[PDB]
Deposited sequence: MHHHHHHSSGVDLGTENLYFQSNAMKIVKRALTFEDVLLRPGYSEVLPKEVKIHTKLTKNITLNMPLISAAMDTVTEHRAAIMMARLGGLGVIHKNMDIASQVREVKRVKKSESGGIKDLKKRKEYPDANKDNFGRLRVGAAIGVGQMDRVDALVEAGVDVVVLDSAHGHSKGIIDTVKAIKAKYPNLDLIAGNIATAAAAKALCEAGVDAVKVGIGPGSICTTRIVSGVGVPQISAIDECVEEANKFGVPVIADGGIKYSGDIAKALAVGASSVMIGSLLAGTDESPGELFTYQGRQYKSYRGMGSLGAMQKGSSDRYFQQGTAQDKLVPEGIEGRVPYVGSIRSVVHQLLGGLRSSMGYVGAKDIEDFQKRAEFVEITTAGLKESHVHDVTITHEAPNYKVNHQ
C-alpha cells in the first residue's frame, strides 16, 4: 500500500574518495556562485536567524568573501537600517562587493510582504531571501512571480524545498537560486513534529540534478556540523552552504556572552521556536552553543577543511571538485572509525569538538 520512493542518505553516510592530485590545499580556488548573477569569493552564507545574523555578522561574512542574510524578525525600518549599515561599511582582500565597492548583503522576506521588499530595494539589498517552511507551495510560487513582475532585476532566492518537483516549480517561476533543507537544521524539529523531510545529502542530490537544467544554483541550508559536511554538500553539486549553529557562538552574532558551569555559551534558537515567535505549535527549539570566538577564526577552520578536501580529491576549483568527486557509502562502524576513537582527547582541536 505505502509507496516508498528511495532510500535516502545524509552527510554521515558518505565519504569522498581520494583521487590523483596535483593541487595543494593552499592553491585551490573556492570562489563560487550565490545566484545566477552574484558570485561569492568563498561559499559560506550565515543563516537568516535572529541569533546568528545582523549587521556585524553580515559585515564579516562579506569582508571574508561570503554573505550574511539579515533575518526578518524585526520591523521593516530596523531591517532597512541593518542593511544600510552593511552597505556603508585592504586587510580583507577577498571581500565581496557590489559594483560600487560596497559590501554585499542579503535580507529575508516572507509571503505577502511587498512593502518590506520595496524598502529593502531602496536601501540597496543585493539579494532578497524568500523563506518559508514549505517552499513548494502556491503561496511561495505566487510571491516569486509578484516580486519578479515588479523587480525583474532583483536577485531572489526561494526556499526551502527538498524535491526535484519543488526545484522545477521554483525555477519555472523564475527564482535565481533555490534553498534546500527540510528538517536537517540543528535546532529544527519539523521532521519529528510533522513526519516530513528528506535527509540532506539526498535532498541536495535530487534538487541539483533538476536545477542544473535551468542554470540555477542550489544553497545547502542546515545540518552542517563539521567542515567535512561543507566539502560533501559542495561536492554533491550544491553551490553554497548556509550555516546557523557553527556561527551562532561567535562574537559577531546577536546576543551576549554568558558563562554556565565553567563553560562559555551564546544562545541560539529556531525561528519557529516559541521564543522567536513571541496556542502555537513550534517546529524549533531554544538553546545554547559553545562560544567559539571571532567569525574570522571559525571561517578559517571551515575553509581549511574545504581546501584540505579539494586537495585530496585533486580539484583546482569548485566545479572541478564537483566533476571529480566519487563517494562511498559507509556503515555505522565506519562512522565510528572516522571519528576519534579509543583515545581520550586532552587538548581540544580548534576544528573538532566532543
Unmodelled intervals of the deposited chain, in order: 1-23, 113-123, 313-327, 404-406
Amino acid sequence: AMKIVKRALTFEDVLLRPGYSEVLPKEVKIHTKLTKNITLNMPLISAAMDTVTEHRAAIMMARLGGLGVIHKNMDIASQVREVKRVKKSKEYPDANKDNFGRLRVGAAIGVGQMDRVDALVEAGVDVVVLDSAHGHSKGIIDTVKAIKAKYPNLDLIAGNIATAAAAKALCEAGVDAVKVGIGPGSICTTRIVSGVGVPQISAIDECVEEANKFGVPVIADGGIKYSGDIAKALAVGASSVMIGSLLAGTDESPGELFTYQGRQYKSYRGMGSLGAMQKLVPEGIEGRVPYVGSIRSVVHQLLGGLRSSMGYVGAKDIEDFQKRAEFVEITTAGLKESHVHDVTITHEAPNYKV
From here on, numbers count along this sequence of modelled residues.
Third-or-more of other entries without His136: no
Unmodelled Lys279 in at least one third of other entries with both flanks present: yes
Selected stretch [higher average CA B-factor]: 192-200 or 95-103: 95-103
Check the entry's C-alpha temperature factors for 285-293 and 26-34, then say which stretch has the higher mean. 26-34
Can you tell me which of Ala276, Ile161, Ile157, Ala165 has the highest Cα temperature factor in the record? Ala276
Out of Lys88, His71, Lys232, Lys266, which residue has the highest Cα temperature factor in the PDB record? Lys88
Chain-wide C-alpha B factor ranking for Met49, given as lowest, middle or highest third: lowest
Pull the Cα B-factor of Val298 out of the PDB entry and bin it into the chain's lowest, middle or highest third. middle
Taking the values exactly as deposited, rank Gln261 by C-alpha B-factor within its chain and report the matching third: lowest, middle or highest. middle
Within this chain, which third does the Cα B-factor at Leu15 fall in: lowest, middle or highest? lowest
Sort the modelled residues of this chain by their C-alpha B factor and say whether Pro254 lands in the lowest, middle or highest third. highest
